[PDB]
Structure formats: structure tokens, C-alpha cells
Amino acid sequence: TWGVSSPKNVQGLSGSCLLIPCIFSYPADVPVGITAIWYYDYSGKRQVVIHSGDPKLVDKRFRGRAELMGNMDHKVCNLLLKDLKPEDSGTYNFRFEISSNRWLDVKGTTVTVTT
Ligand SMILES: CC(=O)N[C@H]1[C@H]([C@H](O)[C@H](O)CO)O[C@@](O[C@H]2[C@@H](O)[C@@H](CO)O[C@@H](O[C@H]3[C@H](O)[C@@H](O)[C@H](O)O[C@@H]3CO)[C@@H]2O)(C(=O)O)C[C@@H]1O
């Protein structure tokens with residue numbers, strides 16, 4: 001079945017890093033490269049944190065501070081956020097595109113960054 005599995009909320013500290021564990025799934029009948037995209041505040045600012053298809057789409061606010069630590073071939077979508085700022089608090093949502101066969105996790109993971 002289609003889905004993304006990750007903690008609902010995670011806490012982080014200013015200046016530190018945060019690794020959001022992530023595993024995704026899709027039906028075995030779907031023909032398969034997979035594009036990985038992580039959004040920040042999808043329903044609002046909708047800024048691109050990670051984009052494996054075209055890194056040029058990444059918002060300047062995240063360039064050099066975020067990296068996809070997962071192996072898409074192994075269905076791992078781990079997100080590493082570096083040099084955390086209080087402004088990084090908010091919800092991050094993963095989206096993967098295969099080919100109609102695309103999926104956006106509406107749940108996402110909410111990050112809280114304190115001093
Ligand atoms: C396998 C599959 O069916 N993939 C669909 C996906 C998934 O259903 C979805 O990602 C699961 O979360 O939906 C696709 O279309 C959706 C996409 O365009 C999003 C963009 O935000 O909107 C969805 O419609 C929403 C709409 O935006 C809301 O305003 C409304 O209240 O609810 C609608 C849903 O009922 C689209 O369904 C996708 O690309 O993600 C199409 C894939 O084929």
C-alpha cells in the first residue's frame with residue numbers, strides 16, 4: 001500500500017542537527033528512478049527542503065543545511081537538518097514521485113526547535 005512512516009513530532013536544539021527517520025511504501029504492482037521531495041510548511045510557505053530531481057529548486061533557506069540521508073532504492077527517506085534555527089520549527093512533508101504514481105504524505109512531521 002501507499003504510505004510514509006515517520007515520527008509525528010520531533011524536538012531539536014538551536015545550532016544542532018536533527019535526523020528525521022523515514023520509510024515509505026508503494027504497491028508491488030507499480031512499475032519503477034524515484035524523485036524525492038521534502039517540503040517545509042506545505043500548506044503555507046511550501047518551501048522545498050530537498051529535491052533529488054533538481055537541487056536548484058531547493059529554497060535558499062535550506063541549501064547546504066539539508067540532505068537526504070536515505071536510499072530511495074531501499075525505500076528509506078531519512079532527512080537530515082543541520083544548523084537548526086528556531087525558524088526551522090514547523091511541519092515537514094515528504095513527497096515521492098515514480099511516474100500518476102506519486103504520493104504526498106499529508107501527515108508529515110512537526111519540528112520544534114528551542115534554545
Ligand atoms: C497513488 C495516488 O493515488 N497518488 C495520487 C496522490 C495521492 O492520492 C496523494 O498524494 C495522497 O496524499 O494525489 C495526487 O493528487 C493530489 C495533489 O494534487 C494534491 C496537491 O496538494 O491535491 C490533492 O487534492 C486535494 C486538494 O488539494 C484539497 O484542496 C482537497 O481538500 O482534497 C483533495 C484530495 O481529496 C490531489 O488529490 C498527487 O499528485 O499527490 C495525484 C496522485 O495520482
# chains A, B, ... in the order shown; residues from 1 in each chain; ligands from 1
$ residues_near_ligand --ligand "ligand 1" --cutoff "12 Å" --atoms "only C-alpha atoms and all ligand atoms" --output "number ranges by chain"
A: 1-4, 25-27, 29-30, 37, 39, 41-44, 46, 93-108
$ write_last_selection --atoms "N, CA and C atoms" --output "CSV table (one decimal), in the first residue's frame"
chain,number,residue,atom,x,y,z
A,1,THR,N,0.8,-1.2,0.0
A,1,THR,CA,0.0,0.0,0.0
A,1,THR,C,0.9,1.3,0.0
A,2,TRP,N,0.2,2.4,-0.3
A,2,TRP,CA,1.0,3.7,-0.3
A,2,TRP,C,1.1,4.3,1.0
A,3,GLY,N,2.2,4.9,1.3
A,3,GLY,CA,2.4,5.5,2.6
A,3,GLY,C,3.8,6.0,3.0
A,4,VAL,N,3.9,6.7,4.1
A,4,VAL,CA,5.1,7.2,4.6
A,4,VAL,C,5.1,7.1,6.1
A,25,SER,N,6.4,3.6,1.3
A,25,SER,CA,6.0,2.3,0.6
A,25,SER,C,5.0,2.6,-0.5
A,26,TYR,N,5.0,1.7,-1.4
A,26,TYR,CA,4.1,1.8,-2.6
A,26,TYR,C,3.8,0.4,-3.0
A,27,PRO,N,2.7,0.1,-3.7
A,27,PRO,CA,2.3,-1.2,-4.1
A,27,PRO,C,3.3,-1.9,-5.0
A,29,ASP,N,2.8,-3.7,-7.5
A,29,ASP,CA,2.4,-3.7,-8.9
A,29,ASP,C,2.8,-2.4,-9.7
A,30,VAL,N,3.3,-1.4,-8.9
A,30,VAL,CA,3.7,-0.2,-9.6
A,30,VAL,C,5.1,-0.3,-10.3
A,37,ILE,N,11.2,14.5,-2.6
A,37,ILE,CA,11.0,15.9,-2.3
A,37,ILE,C,10.5,16.1,-0.9
A,39,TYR,N,9.1,19.0,1.7
A,39,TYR,CA,8.6,20.3,1.8
A,39,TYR,C,8.6,20.8,3.2
A,41,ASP,N,6.4,23.4,5.6
A,41,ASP,CA,5.1,24.1,5.6
A,41,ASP,C,4.3,24.0,4.3
A,42,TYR,N,4.1,22.8,3.8
A,42,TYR,CA,3.4,22.6,2.6
A,42,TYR,C,2.1,23.4,2.4
A,43,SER,N,1.3,23.5,3.4
A,43,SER,CA,0.0,24.2,3.3
A,43,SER,C,0.2,25.7,3.3
A,44,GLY,N,1.4,26.1,3.7
A,44,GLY,CA,1.6,27.6,3.8
A,44,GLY,C,2.7,28.0,2.8
A,46,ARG,N,5.3,26.5,1.8
A,46,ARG,CA,5.6,25.4,0.9
A,46,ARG,C,7.0,25.7,0.3
A,93,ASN,N,6.9,17.7,5.1
A,93,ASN,CA,6.2,16.6,4.5
A,93,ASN,C,7.0,16.0,3.3
A,94,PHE,N,7.0,14.7,3.3
A,94,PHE,CA,7.7,14.0,2.2
A,94,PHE,C,6.8,13.7,1.0
A,95,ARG,N,7.4,13.8,-0.2
A,95,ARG,CA,6.6,13.5,-1.4
A,95,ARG,C,7.6,12.7,-2.3
A,96,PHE,N,7.1,11.6,-2.9
A,96,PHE,CA,7.9,10.9,-3.8
A,96,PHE,C,7.1,10.7,-5.1
A,97,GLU,N,7.8,10.8,-6.2
A,97,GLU,CA,7.2,10.6,-7.5
A,97,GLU,C,7.9,9.5,-8.3
A,98,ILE,N,7.1,8.6,-8.8
A,98,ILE,CA,7.6,7.5,-9.5
A,98,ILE,C,7.3,7.7,-11.0
A,99,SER,N,6.0,7.9,-11.3
A,99,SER,CA,5.6,8.1,-12.7
A,99,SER,C,4.1,8.2,-12.8
A,100,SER,N,1.3,9.8,-12.4
A,100,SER,CA,0.1,9.2,-11.7
A,100,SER,C,0.5,8.5,-10.4
A,101,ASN,N,1.6,7.8,-10.5
A,101,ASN,CA,2.1,7.1,-9.3
A,101,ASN,C,3.1,8.0,-8.5
A,102,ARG,N,2.4,8.9,-7.7
A,102,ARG,CA,3.2,9.9,-6.9
A,102,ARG,C,2.4,10.0,-5.6
A,103,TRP,N,3.1,10.4,-4.6
A,103,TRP,CA,2.4,10.4,-3.3
A,103,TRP,C,2.9,11.5,-2.4
A,104,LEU,N,2.0,12.2,-1.7
A,104,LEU,CA,2.4,13.3,-0.8
A,104,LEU,C,1.8,12.9,0.6
A,105,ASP,N,2.7,12.8,1.6
A,105,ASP,CA,2.3,12.4,2.9
A,105,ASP,C,1.7,13.7,3.5
A,106,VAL,N,0.4,13.7,3.7
A,106,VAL,CA,-0.3,14.9,4.3
A,106,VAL,C,0.0,15.0,5.8
A,107,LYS,N,0.3,13.9,6.5
A,107,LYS,CA,0.6,14.0,7.9
A,107,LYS,C,1.8,14.8,8.2
A,108,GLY,N,3.0,14.3,7.7
A,108,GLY,CA,4.2,15.0,7.9
A,108,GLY,C,4.8,14.9,9.3
$ select_by_dssp --residues "region 24-107 of chain A" --states "helix (DSSP H, G or I)" --output "list in words"
residues 55, 56, 57, 72, 73, 74, 86, 87 and 88 of chain A
$ write_last_selection --atoms "N, CA, C and O atoms" --output "short mmCIF file (atom, residue, chain, number, x, y, z; two decimals), in the first residue's frame"
data_model
loop_
_atom_site.label_atom_id
_atom_site.label_comp_id
_atom_site.auth_asym_id
_atom_site.auth_seq_id
_atom_site.Cartn_x
_atom_site.Cartn_y
_atom_site.Cartn_z
N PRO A 55 18.11 19.89 -7.59
CA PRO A 55 18.55 20.61 -6.39
C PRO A 55 18.46 22.12 -6.50
O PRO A 55 18.57 22.83 -5.50
N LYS A 56 18.26 22.62 -7.72
CA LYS A 56 18.15 24.06 -7.95
C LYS A 56 16.81 24.57 -7.43
O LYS A 56 16.64 25.77 -7.22
N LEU A 57 15.87 23.65 -7.21
CA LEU A 57 14.55 24.02 -6.71
C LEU A 57 14.55 24.23 -5.20
O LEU A 57 13.61 24.80 -4.64
N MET A 72 16.61 5.74 -1.64
CA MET A 72 15.29 5.54 -2.26
C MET A 72 15.06 4.11 -2.75
O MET A 72 13.93 3.61 -2.72
N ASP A 73 16.12 3.47 -3.23
CA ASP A 73 16.05 2.10 -3.74
C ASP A 73 15.69 1.15 -2.61
O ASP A 73 15.16 0.06 -2.84
N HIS A 74 15.99 1.56 -1.38
CA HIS A 74 15.68 0.74 -0.21
C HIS A 74 14.47 1.28 0.54
O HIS A 74 14.17 0.85 1.65
N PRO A 86 15.41 28.53 15.27
CA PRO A 86 14.04 28.49 15.77
C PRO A 86 13.03 28.60 14.62
O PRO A 86 11.94 28.05 14.70
N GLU A 87 13.42 29.31 13.56
CA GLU A 87 12.57 29.50 12.39
C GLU A 87 12.39 28.21 11.58
O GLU A 87 11.56 28.15 10.67
N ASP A 88 13.17 27.17 11.89
CA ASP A 88 13.03 25.91 11.18
C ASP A 88 11.87 25.11 11.78
O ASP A 88 11.51 24.04 11.27
#
$ atom_distance --atom1 "CA of residue 11 (chain A)" --atom2 "CA of residue 83 (chain A)"
13.8 Å
$ residues_around --residues "residue 75 (chain A)" --least-positions-apart "4" --cutoff "9 Å" --atoms "only C-alpha atoms" --output "number ranges by chain"
A: 22-25, 70-71
$ residues_around --residues "residue 64 (chain A)" --least-positions-apart "4" --cutoff "10 Å" --atoms "only C-alpha atoms" --output "PDB file with N, CA and C atoms, in the first residue's frame"
ATOM      1  N   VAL A  49      12.794  21.747   0.680  1.00  0.00           N
ATOM      2  CA  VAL A  49      13.943  21.468   1.544  1.00  0.00           C
ATOM      3  C   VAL A  49      14.946  20.575   0.829  1.00  0.00           C
ATOM      4  N   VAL A  58      15.600  23.759  -4.533  1.00  0.00           N
ATOM      5  CA  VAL A  58      15.713  23.915  -3.089  1.00  0.00           C
ATOM      6  C   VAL A  58      15.739  25.390  -2.701  1.00  0.00           C
ATOM      7  N   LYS A  60      16.659  28.732  -0.898  1.00  0.00           N
ATOM      8  CA  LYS A  60      17.944  29.205  -0.394  1.00  0.00           C
ATOM      9  C   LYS A  60      18.092  29.017   1.113  1.00  0.00           C
ATOM     10  N   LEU A  81      18.600  17.565   8.971  1.00  0.00           N
ATOM     11  CA  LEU A  81      18.523  19.020   9.031  1.00  0.00           C
ATOM     12  C   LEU A  81      19.703  19.474   9.880  1.00  0.00           C
ATOM     13  N   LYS A  82      20.516  20.366   9.328  1.00  0.00           N
ATOM     14  CA  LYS A  82      21.711  20.858  10.014  1.00  0.00           C
ATOM     15  C   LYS A  82      21.608  22.328  10.424  1.00  0.00           C
ATOM     16  N   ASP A  83      22.386  22.709  11.434  1.00  0.00           N
ATOM     17  CA  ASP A  83      22.427  24.087  11.923  1.00  0.00           C
ATOM     18  C   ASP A  83      21.024  24.651  12.156  1.00  0.00           C
TER      19      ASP A  83
END
$ atom_distance --atom1 "CA of residue 89 (chain A)" --atom2 "CA of residue 67 (chain A)"
17.0 Å
$ select_by_dssp --residues "chain A" --states "strand (DSSP E or B)" --output "JSON, numbers by chain"
{"A": [3, 4, 5, 9, 10, 11, 12, 13, 18, 19, 20, 23, 24, 25, 35, 36, 37, 38, 39, 40, 47, 48, 49, 50, 51, 66, 67, 68, 76, 79, 80, 81, 90, 91, 92, 93, 94, 95, 96, 97, 102, 103, 104, 109, 110, 111, 112, 113, 114]}
$ write_last_selection --atoms "C-alpha atoms" --output "mmCIF file, in the first residue's frame"
data_model
loop_
_atom_site.group_PDB
_atom_site.id
_atom_site.type_symbol
_atom_site.label_atom_id
_atom_site.label_comp_id
_atom_site.auth_asym_id
_atom_site.auth_seq_id
_atom_site.Cartn_x
_atom_site.Cartn_y
_atom_site.Cartn_z
ATOM 1 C CA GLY A 3 2.403 5.496 2.649
ATOM 2 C CA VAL A 4 5.147 7.241 4.591
ATOM 3 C CA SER A 5 6.189 6.304 8.118
ATOM 4 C CA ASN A 9 6.707 15.306 16.133
ATOM 5 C CA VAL A 10 10.417 15.703 16.907
ATOM 6 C CA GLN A 11 12.313 18.149 19.145
ATOM 7 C CA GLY A 12 15.599 19.818 18.253
ATOM 8 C CA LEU A 13 18.030 22.381 19.680
ATOM 9 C CA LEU A 18 18.132 16.610 13.551
ATOM 10 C CA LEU A 19 17.689 13.361 11.649
ATOM 11 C CA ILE A 20 14.067 12.532 10.858
ATOM 12 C CA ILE A 23 10.388 4.888 5.442
ATOM 13 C CA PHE A 24 7.953 4.940 2.538
ATOM 14 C CA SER A 25 5.997 2.346 0.641
ATOM 15 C CA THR A 35 12.112 11.565 -7.195
ATOM 16 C CA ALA A 36 12.278 12.547 -3.518
ATOM 17 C CA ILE A 37 10.994 15.918 -2.346
ATOM 18 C CA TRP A 38 10.771 17.266 1.197
ATOM 19 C CA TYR A 39 8.602 20.342 1.770
ATOM 20 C CA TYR A 40 8.539 22.768 4.669
ATOM 21 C CA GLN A 47 9.383 25.770 0.664
ATOM 22 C CA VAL A 48 11.457 22.988 -0.908
ATOM 23 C CA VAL A 49 13.943 21.468 1.544
ATOM 24 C CA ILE A 50 15.195 18.592 -0.603
ATOM 25 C CA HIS A 51 14.602 17.790 -4.287
ATOM 26 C CA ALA A 66 19.565 19.722 4.490
ATOM 27 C CA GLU A 67 20.407 16.400 2.936
ATOM 28 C CA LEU A 68 18.558 13.228 2.029
ATOM 29 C CA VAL A 76 14.347 4.994 3.113
ATOM 30 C CA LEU A 79 16.007 13.713 6.285
ATOM 31 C CA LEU A 80 18.983 15.395 7.948
ATOM 32 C CA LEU A 81 18.523 19.020 9.031
ATOM 33 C CA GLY A 90 7.133 23.763 11.591
ATOM 34 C CA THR A 91 5.894 20.805 9.576
ATOM 35 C CA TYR A 92 7.924 18.875 7.026
ATOM 36 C CA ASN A 93 6.190 16.633 4.490
ATOM 37 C CA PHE A 94 7.727 14.042 2.202
ATOM 38 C CA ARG A 95 6.635 13.509 -1.380
ATOM 39 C CA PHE A 96 7.903 10.883 -3.781
ATOM 40 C CA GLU A 97 7.186 10.608 -7.488
ATOM 41 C CA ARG A 102 3.160 9.866 -6.918
ATOM 42 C CA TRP A 103 2.404 10.429 -3.268
ATOM 43 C CA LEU A 104 2.377 13.273 -0.792
ATOM 44 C CA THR A 109 6.483 15.619 10.900
ATOM 45 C CA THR A 110 6.328 18.744 13.025
ATOM 46 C CA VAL A 111 9.662 20.025 14.323
ATOM 47 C CA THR A 112 10.085 22.175 17.431
ATOM 48 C CA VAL A 113 13.429 23.940 17.852
ATOM 49 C CA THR A 114 14.230 25.593 21.189
#
$ atom_distance --atom1 "CA of residue 33 (chain A)" --atom2 "CA of residue 17 (chain A)"
28.4 Å
$ decode --residues "region 17-49 of chain A" --atoms "N, CA and C atoms" --output "CSV table (one decimal), in the first residue's frame"
chain,number,residue,atom,x,y,z
A,17,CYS,N,21.7,19.5,15.1
A,17,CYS,CA,21.2,18.8,13.9
A,17,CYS,C,20.0,17.9,14.3
A,18,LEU,N,19.3,17.5,13.3
A,18,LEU,CA,18.1,16.6,13.6
A,18,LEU,C,18.0,15.6,12.4
A,19,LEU,N,17.8,14.4,12.7
A,19,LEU,CA,17.7,13.4,11.6
A,19,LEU,C,16.3,12.8,11.8
A,20,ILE,N,15.4,13.0,10.8
A,20,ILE,CA,14.1,12.5,10.9
A,20,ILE,C,14.0,11.2,10.2
A,21,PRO,N,13.8,10.1,10.9
A,21,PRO,CA,13.7,8.8,10.3
A,21,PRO,C,12.5,8.7,9.4
A,22,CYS,N,12.6,8.1,8.3
A,22,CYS,CA,11.5,8.0,7.3
A,22,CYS,C,11.6,6.8,6.4
A,23,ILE,N,10.5,6.1,6.3
A,23,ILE,CA,10.4,4.9,5.4
A,23,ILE,C,9.1,5.1,4.6
A,24,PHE,N,9.1,4.8,3.3
A,24,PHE,CA,8.0,4.9,2.5
A,24,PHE,C,7.6,3.6,1.8
A,25,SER,N,6.4,3.6,1.3
A,25,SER,CA,6.0,2.3,0.6
A,25,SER,C,5.0,2.6,-0.5
A,26,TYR,N,5.0,1.7,-1.4
A,26,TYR,CA,4.1,1.8,-2.6
A,26,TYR,C,3.8,0.4,-3.0
A,27,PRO,N,2.7,0.1,-3.7
A,27,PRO,CA,2.3,-1.2,-4.1
A,27,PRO,C,3.3,-1.9,-5.0
A,28,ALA,N,3.4,-3.2,-4.9
A,28,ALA,CA,4.3,-4.1,-5.6
A,28,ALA,C,4.0,-4.1,-7.1
A,29,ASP,N,2.8,-3.7,-7.5
A,29,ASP,CA,2.4,-3.7,-8.9
A,29,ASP,C,2.8,-2.4,-9.7
A,30,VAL,N,3.3,-1.4,-8.9
A,30,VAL,CA,3.7,-0.2,-9.6
A,30,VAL,C,5.1,-0.3,-10.3
A,31,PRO,N,5.1,0.1,-11.6
A,31,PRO,CA,6.4,0.0,-12.3
A,31,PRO,C,7.3,1.1,-11.9
A,32,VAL,N,8.6,0.8,-11.7
A,32,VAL,CA,9.6,1.8,-11.4
A,32,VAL,C,10.6,1.9,-12.5
A,33,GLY,N,13.7,5.3,-11.6
A,33,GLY,CA,14.2,6.3,-10.6
A,33,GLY,C,13.0,6.9,-9.9
A,34,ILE,N,13.2,7.2,-8.6
A,34,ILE,CA,12.2,7.8,-7.8
A,34,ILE,C,12.6,9.2,-7.4
A,35,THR,N,11.8,10.2,-7.6
A,35,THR,CA,12.1,11.6,-7.2
A,35,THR,C,11.7,11.8,-5.8
A,36,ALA,N,12.6,12.3,-4.9
A,36,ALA,CA,12.3,12.5,-3.5
A,36,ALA,C,12.2,14.1,-3.3
A,37,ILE,N,11.2,14.5,-2.6
A,37,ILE,CA,11.0,15.9,-2.3
A,37,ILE,C,10.5,16.1,-0.9
A,38,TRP,N,11.2,17.0,-0.2
A,38,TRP,CA,10.8,17.3,1.2
A,38,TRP,C,10.3,18.7,1.2
A,39,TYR,N,9.1,19.0,1.7
A,39,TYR,CA,8.6,20.3,1.8
A,39,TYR,C,8.6,20.8,3.2
A,40,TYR,N,8.6,22.1,3.4
A,40,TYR,CA,8.5,22.8,4.7
A,40,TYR,C,7.2,23.6,4.6
A,41,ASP,N,6.4,23.4,5.6
A,41,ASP,CA,5.1,24.1,5.6
A,41,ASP,C,4.3,24.0,4.3
A,42,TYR,N,4.1,22.8,3.8
A,42,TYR,CA,3.4,22.6,2.6
A,42,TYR,C,2.1,23.4,2.4
A,43,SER,N,1.3,23.5,3.4
A,43,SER,CA,0.0,24.2,3.3
A,43,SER,C,0.2,25.7,3.3
A,44,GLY,N,1.4,26.1,3.7
A,44,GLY,CA,1.6,27.6,3.8
A,44,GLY,C,2.7,28.0,2.8
A,45,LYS,N,3.9,28.3,3.4
A,45,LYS,CA,5.0,28.8,2.6
A,45,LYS,C,5.5,27.8,1.5
A,46,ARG,N,5.3,26.5,1.8
A,46,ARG,CA,5.6,25.4,0.9
A,46,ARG,C,7.0,25.7,0.3
A,47,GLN,N,8.0,25.6,1.1
A,47,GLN,CA,9.4,25.8,0.7
A,47,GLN,C,10.0,24.4,0.4
A,48,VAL,N,10.8,24.3,-0.6
A,48,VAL,CA,11.5,23.0,-0.9
A,48,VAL,C,12.7,22.8,-0.1
A,49,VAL,N,12.8,21.7,0.7
A,49,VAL,CA,13.9,21.5,1.5
A,49,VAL,C,14.9,20.6,0.8
